[PDB]
Structure formats: structure tokens, C-alpha cells
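Have a look at the structure below, then the notes.
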Amino acid sequence: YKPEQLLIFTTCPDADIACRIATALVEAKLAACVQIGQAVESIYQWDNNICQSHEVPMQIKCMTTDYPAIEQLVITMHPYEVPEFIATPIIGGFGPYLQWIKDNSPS
Amino acid sequence: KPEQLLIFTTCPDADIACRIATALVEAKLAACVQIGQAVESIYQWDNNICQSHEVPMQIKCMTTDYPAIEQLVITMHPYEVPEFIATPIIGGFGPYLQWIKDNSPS
Amino acid sequence: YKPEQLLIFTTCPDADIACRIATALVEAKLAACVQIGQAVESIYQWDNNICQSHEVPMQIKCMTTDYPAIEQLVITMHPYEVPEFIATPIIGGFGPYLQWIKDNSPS
């Protein structure tokens, strides 16, 4: 509403898959940095049943204006269709860090 | 003001977190709850510096369901005033956002 | 957005540093609470190689009003010139928790 930069969260099934997508996304300079956490548990339902995946969390720091491309790359590379993939607004931070994200970006 | 929220919260151990996540998703109040591995919280209680081990939770949900998610989690939580904070979702993969929406009846 | 309170994400090169900065933050009463997670893997470019460091993740919960001092403190204690340090807006939560945050920052 509308922020210059975005914090994206996702998960991969797997930490090798997370790594592949991560590095792709950094080589291409679509994201300045991707963080891959240690395994999380996701509880959801499908669709009358309560489900329990063991997953790998990813945080993507980026420019909003690069969002559609990142979405496309990540989701294309992800084994599921309909992966967790959500964005929250970056609303401030250390200026020179914020500017690095911006400078690194292929705009 | 967003259609959807990312909620951060903390439980004292994995067992209480998992049984709160299950409730919240059985109740169709959250589409998905993520439980992380343990996490060190540092905070001041007696004007003294404390260190609890906790498990972190992320809840993806519709803003409209927030009051119920709040109460559910807070009543079930052992602490009087636990950590519970809302963050805006302002984008994502459409079919994923849609699956969150579809999944609350309201 | 212009929120009362922020969620800040940041990162330290190891847990001892995270602890040291956490402690400072909490004993200065700049942040009511600070969360140090278990290691994460950060992927980013430097000198146009693809790097991955293991890092310790931090969440800071605070009043937007304290922000300038938190940034100042965290950035200067951090060993890198340009640490990861971003804020996202808190737009809601358990009233008495947000209060507690509000009350723990001396006025």
C-alpha cells in the first residue's frame, strides 16, 4: 500500500529443493539474499483430514517490482502446485541494507 | 487493511504448540500453522533478564477470523499474556491466497 | 502504514553475538523481547560468487518510537558494516501483550 520492498515466506519439501531454488534466485540477482531455516512442521487440512508435512522454511528479501518474476521462478521450480508463498511489507530497516537489496536488483 | 494475516506466536514446548495448532486447524480458523524448532526468547520480567526456551508458531489466516484465533490460542496458552502478534499479508501466489480464503467458512 | 509497534528481523554471524546484542537490547529496555532462533543458512552474492554463511536469526519486538536507537545499537554492535536489518509492521495482536511492549519502554 505500497512498499518498495518485500519479505517473502515459503517452504520447500526439502532442504535440497530449498537450496536449488535459493541459489537460482540469487545467481539471477532476483533476490539479494535468501535464508533457509531448519525444518519446520506444517499442520494443515486436506480436505477432511488433518495433515503433517515436515518442511523447510525460506525467507526472501526483495524489491516488490521484482515480485512477479520471483513468484514465477520459485513456483515453477517447486514440486507442488500451490506452494506456500506469501509476502509481507518491508516498512523500514537499516538504509544501507535496504539499498543493497535495491542495488542488487535487476531493474 | 489486509484480507489476510501472518500471525507470530510462541509456546513453551512443542507438545502444547502442536495441540494448539491442531485445534486451530480442526476449527478451520487457520489454513496452515507452522511450528518451528526451538528458539531462545530474551525478555525482562522482574526488572531481571530472563531466558526461556519456546517453540515458535506461524499462523496463516483470514483477518476476518482473527478474534477467534486470538481467543483460541490465548485461552489454550498456559501464560497469562503470551506473545501474539499480527503482520499483514499483502501478496502471494494467487491459488495459495485463494486456498486460505476458501478454507474459512467465516 | 505507520504502526505503533514493529517486528524487526536481523541476523548475527553466530549465537554468542546474537546473545550479546539481545542482552544489550533488553537491558537498555529498547526491546521488550528478543528471539534468537537456531542456525539458518543465508545465501547471497559477494564479489559475484555465490556465498552461504550459517547465521543466527533474530526477531525484535518493539515500539516504532524506539526504532532509531535499536538500529543504532544493533548496527554498531554487529561485526559487519551492513548487517541484515529489516522492519515489518505489527498491525494487531493480543492487547495485553502489546501493552506490555508499550509499558517496557521507559517514557
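Each chain in the C-alpha cells gets a letter, A, B, ..., in the order shown, and its residues are numbered from 1; ligands are numbered from 1 in order too.
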Counting only C-alpha atoms, what is within 12 Å of range 65-68 of chain A, bar same-chain residues fewer than 6 positions away, as a PDB file with N, CA and C atoms, in the first residue's frame?
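This is the output file out-v3.pdb:
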```pdb
ATOM      1  N   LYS A   2       1.917   1.299  -0.804  1.00  0.00           N
ATOM      2  CA  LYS A   2       2.505   0.077  -1.363  1.00  0.00           C
ATOM      3  C   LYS A   2       4.034   0.113  -1.225  1.00  0.00           C
ATOM      4  N   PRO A   3       4.611  -0.899  -0.553  1.00  0.00           N
ATOM      5  CA  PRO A   3       6.013  -0.856  -0.133  1.00  0.00           C
ATOM      6  C   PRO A   3       7.010  -1.102  -1.270  1.00  0.00           C
ATOM      7  N   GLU A   4       8.187  -0.492  -1.158  1.00  0.00           N
ATOM      8  CA  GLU A   4       9.262  -0.633  -2.131  1.00  0.00           C
ATOM      9  C   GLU A   4       9.881  -2.037  -2.047  1.00  0.00           C
ATOM     10  N   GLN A   5       9.863  -2.631  -0.862  1.00  0.00           N
ATOM     11  CA  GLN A   5      10.456  -3.951  -0.694  1.00  0.00           C
ATOM     12  C   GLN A   5       9.634  -4.934   0.140  1.00  0.00           C
ATOM     13  N   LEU A   6       9.883  -6.217  -0.098  1.00  0.00           N
ATOM     14  CA  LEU A   6       9.010  -7.278   0.370  1.00  0.00           C
ATOM     15  C   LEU A   6       9.813  -8.338   1.084  1.00  0.00           C
ATOM     16  N   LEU A   7       9.230  -8.862   2.156  1.00  0.00           N
ATOM     17  CA  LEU A   7       9.675 -10.100   2.806  1.00  0.00           C
ATOM     18  C   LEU A   7       8.779 -11.273   2.380  1.00  0.00           C
ATOM     19  N   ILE A   8       9.333 -12.228   1.650  1.00  0.00           N
ATOM     20  CA  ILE A   8       8.526 -13.348   1.189  1.00  0.00           C
ATOM     21  C   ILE A   8       8.813 -14.560   2.070  1.00  0.00           C
ATOM     22  N   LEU A  25      17.887 -18.139  -7.388  1.00  0.00           N
ATOM     23  CA  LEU A  25      17.236 -16.887  -7.190  1.00  0.00           C
ATOM     24  C   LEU A  25      18.256 -15.854  -6.868  1.00  0.00           C
ATOM     25  N   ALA A  28      20.529 -15.257 -10.287  1.00  0.00           N
ATOM     26  CA  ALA A  28      19.800 -14.417 -11.215  1.00  0.00           C
ATOM     27  C   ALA A  28      19.695 -12.985 -10.700  1.00  0.00           C
ATOM     28  N   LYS A  29      20.115 -12.790  -9.452  1.00  0.00           N
ATOM     29  CA  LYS A  29      20.037 -11.491  -8.795  1.00  0.00           C
ATOM     30  C   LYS A  29      18.590 -11.000  -8.675  1.00  0.00           C
ATOM     31  N   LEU A  30      17.628 -11.912  -8.766  1.00  0.00           N
ATOM     32  CA  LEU A  30      16.242 -11.606  -8.435  1.00  0.00           C
ATOM     33  C   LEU A  30      16.034 -11.362  -6.934  1.00  0.00           C
ATOM     34  N   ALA A  31      16.834 -12.006  -6.095  1.00  0.00           N
ATOM     35  CA  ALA A  31      16.804 -11.720  -4.668  1.00  0.00           C
ATOM     36  C   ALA A  31      18.209 -11.454  -4.175  1.00  0.00           C
ATOM     37  N   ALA A  32      18.322 -10.567  -3.193  1.00  0.00           N
ATOM     38  CA  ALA A  32      19.615 -10.141  -2.715  1.00  0.00           C
ATOM     39  C   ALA A  32      20.149 -11.176  -1.747  1.00  0.00           C
ATOM     40  N   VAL A  74      10.152 -19.321  -8.594  1.00  0.00           N
ATOM     41  CA  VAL A  74      10.035 -20.182  -7.458  1.00  0.00           C
ATOM     42  C   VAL A  74       8.962 -21.189  -7.667  1.00  0.00           C
ATOM     43  N   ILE A  75       7.797 -20.756  -8.083  1.00  0.00           N
ATOM     44  CA  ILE A  75       6.662 -21.639  -8.227  1.00  0.00           C
ATOM     45  C   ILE A  75       6.844 -22.649  -9.350  1.00  0.00           C
ATOM     46  N   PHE A  85       3.403 -19.426  -0.448  1.00  0.00           N
ATOM     47  CA  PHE A  85       4.189 -18.357  -0.995  1.00  0.00           C
ATOM     48  C   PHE A  85       3.452 -17.050  -0.714  1.00  0.00           C
ATOM     49  N   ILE A  86       3.953 -16.287   0.248  1.00  0.00           N
ATOM     50  CA  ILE A  86       3.262 -15.113   0.749  1.00  0.00           C
ATOM     51  C   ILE A  86       4.256 -13.999   1.012  1.00  0.00           C
ATOM     52  N   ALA A  87       3.756 -12.771   0.955  1.00  0.00           N
ATOM     53  CA  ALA A  87       4.559 -11.580   1.051  1.00  0.00           C
ATOM     54  C   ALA A  87       4.024 -10.660   2.145  1.00  0.00           C
ATOM     55  N   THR A  88       4.942 -10.163   2.980  1.00  0.00           N
ATOM     56  CA  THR A  88       4.646  -9.115   3.960  1.00  0.00           C
ATOM     57  C   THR A  88       5.527  -7.917   3.654  1.00  0.00           C
ATOM     58  N   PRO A  89       5.069  -6.700   4.013  1.00  0.00           N
ATOM     59  CA  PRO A  89       5.732  -5.469   3.573  1.00  0.00           C
ATOM     60  C   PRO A  89       6.954  -5.122   4.427  1.00  0.00           C
ATOM     61  N   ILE A 101      19.763  -4.468  -1.257  1.00  0.00           N
ATOM     62  CA  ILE A 101      18.621  -5.109  -1.898  1.00  0.00           C
ATOM     63  C   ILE A 101      18.216  -4.400  -3.180  1.00  0.00           C
ATOM     64  N   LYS A 102      18.048  -3.083  -3.124  1.00  0.00           N
ATOM     65  CA  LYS A 102      17.654  -2.295  -4.303  1.00  0.00           C
ATOM     66  C   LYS A 102      18.709  -2.250  -5.412  1.00  0.00           C
ATOM     67  N   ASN A 104      21.101  -4.429  -5.936  1.00  0.00           N
ATOM     68  CA  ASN A 104      21.435  -5.760  -6.425  1.00  0.00           C
ATOM     69  C   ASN A 104      20.425  -6.184  -7.478  1.00  0.00           C
ATOM     70  N   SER A 105      19.276  -5.523  -7.429  1.00  0.00           N
ATOM     71  CA  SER A 105      18.095  -5.898  -8.185  1.00  0.00           C
ATOM     72  C   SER A 105      18.230  -5.491  -9.659  1.00  0.00           C
ATOM     73  N   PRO A 106      17.692  -6.319 -10.568  1.00  0.00           N
ATOM     74  CA  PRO A 106      17.876  -6.165 -11.995  1.00  0.00           C
ATOM     75  C   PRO A 106      16.771  -5.296 -12.527  1.00  0.00           C
ATOM     76  N   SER A 107      16.709  -4.046 -12.097  1.00  0.00           N
ATOM     77  CA  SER A 107      15.707  -3.149 -12.622  1.00  0.00           C
ATOM     78  C   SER A 107      16.356  -2.065 -13.500  1.00  0.00           C
TER      79      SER A 107
ATOM     80  N   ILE B  90       0.302  -9.048   2.077  1.00  0.00           N
ATOM     81  CA  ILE B  90      -0.085  -8.138   1.018  1.00  0.00           C
ATOM     82  C   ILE B  90       0.213  -8.703  -0.361  1.00  0.00           C
ATOM     83  N   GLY B  91       0.611  -9.961  -0.428  1.00  0.00           N
ATOM     84  CA  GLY B  91       0.734 -10.598  -1.711  1.00  0.00           C
ATOM     85  C   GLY B  91       1.041 -12.048  -1.502  1.00  0.00           C
ATOM     86  N   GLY B  92       1.008 -12.800  -2.588  1.00  0.00           N
ATOM     87  CA  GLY B  92       1.439 -14.183  -2.584  1.00  0.00           C
ATOM     88  C   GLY B  92       1.002 -14.790  -3.890  1.00  0.00           C
ATOM     89  N   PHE B  93       1.302 -16.061  -4.095  1.00  0.00           N
ATOM     90  CA  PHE B  93       0.739 -16.814  -5.202  1.00  0.00           C
ATOM     91  C   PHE B  93      -0.779 -16.911  -5.074  1.00  0.00           C
ATOM     92  N   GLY B  94      -1.502 -16.429  -6.078  1.00  0.00           N
ATOM     93  CA  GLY B  94      -2.970 -16.384  -6.028  1.00  0.00           C
ATOM     94  C   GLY B  94      -3.685 -17.649  -5.541  1.00  0.00           C
TER      95      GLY B  94
END
```
- Near residue 56 in chain B, counting only C-alpha atoms, which residues have an atom at most 8 Å away, once you skip same-chain residues fewer than 4 positions from it, shown as number ranges by chain? B: 8-11, 35-39
Per residue of chain C within 12 Å of chain A, which atom pair is closest and at what distance in Å (one decimal), using only C-alpha atoms, listed by chain and increasing number, as a tab-separated table?
```
residue	atom	partner	partner_atom	distance
C:1	CA	A:91	CA	7.7
C:2	CA	A:91	CA	8.7
C:3	CA	A:91	CA	9.6
C:5	CA	A:91	CA	11.4
C:6	CA	A:91	CA	9.0
C:7	CA	A:91	CA	9.9
C:8	CA	A:93	CA	8.0
C:9	CA	A:93	CA	8.9
C:10	CA	A:93	CA	9.5
C:11	CA	A:35	CA	9.9
C:37	CA	A:37	CA	9.1
C:38	CA	A:38	CA	7.5
C:39	CA	A:37	CA	7.1
C:40	CA	A:37	CA	4.6
C:41	CA	A:36	CA	5.1
C:42	CA	A:35	CA	4.4
C:43	CA	A:34	CA	5.1
C:44	CA	A:33	CA	4.6
C:45	CA	A:26	CA	6.8
C:46	CA	A:32	CA	10.1
C:47	CA	A:104	CA	11.8
C:48	CA	A:27	CA	8.6
C:49	CA	A:27	CA	8.6
C:50	CA	A:27	CA	7.1
C:51	CA	A:23	CA	9.2
C:52	CA	A:35	CA	9.3
C:53	CA	A:35	CA	9.6
C:54	CA	A:35	CA	9.5
C:55	CA	A:35	CA	9.2
C:56	CA	A:37	CA	10.0
C:57	CA	A:37	CA	9.1
C:64	CA	A:92	CA	10.0
C:67	CA	A:93	CA	9.2
C:68	CA	A:94	CA	9.6
C:69	CA	A:94	CA	11.6
C:70	CA	A:94	CA	10.3
C:71	CA	A:94	CA	6.7
C:72	CA	A:94	CA	9.0
C:73	CA	A:94	CA	11.4
C:74	CA	A:94	CA	9.8
C:75	CA	A:94	CA	7.9
C:76	CA	A:94	CA	11.3
C:80	CA	A:97	CA	11.0
C:81	CA	A:96	CA	9.0
C:82	CA	A:97	CA	5.8
C:83	CA	A:97	CA	6.7
C:84	CA	A:97	CA	6.2
C:85	CA	A:93	CA	5.4
C:86	CA	A:93	CA	4.0
C:87	CA	A:92	CA	5.0
C:88	CA	A:90	CA	5.0
C:89	CA	A:91	CA	6.6
C:90	CA	A:91	CA	10.4
C:91	CA	A:89	CA	11.5
```
- Query: Taking only C-alpha atoms into account, which residues of chain B are within 9 Å of chain A, as a list in words?
  - Reply: residues 5, 6, 18, 21, 22, 25, 26, 28, 30, 31, 32, 33, 34, 35, 36, 37, 87, 88, 89, 90, 91, 92, 93, 94, 95, 96, 97 and 99 of chain B
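For the residues B:58, B:103, B:75, B:41, ranking by smallest atom-to-atom distance to residue 29 in chain B using only C-alpha atoms places B:103 first.
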- Grab the CA of residue 99 in chain C to CA of residue 80 in chain B distance for me, in Å with one decimal place. 13.2 Å
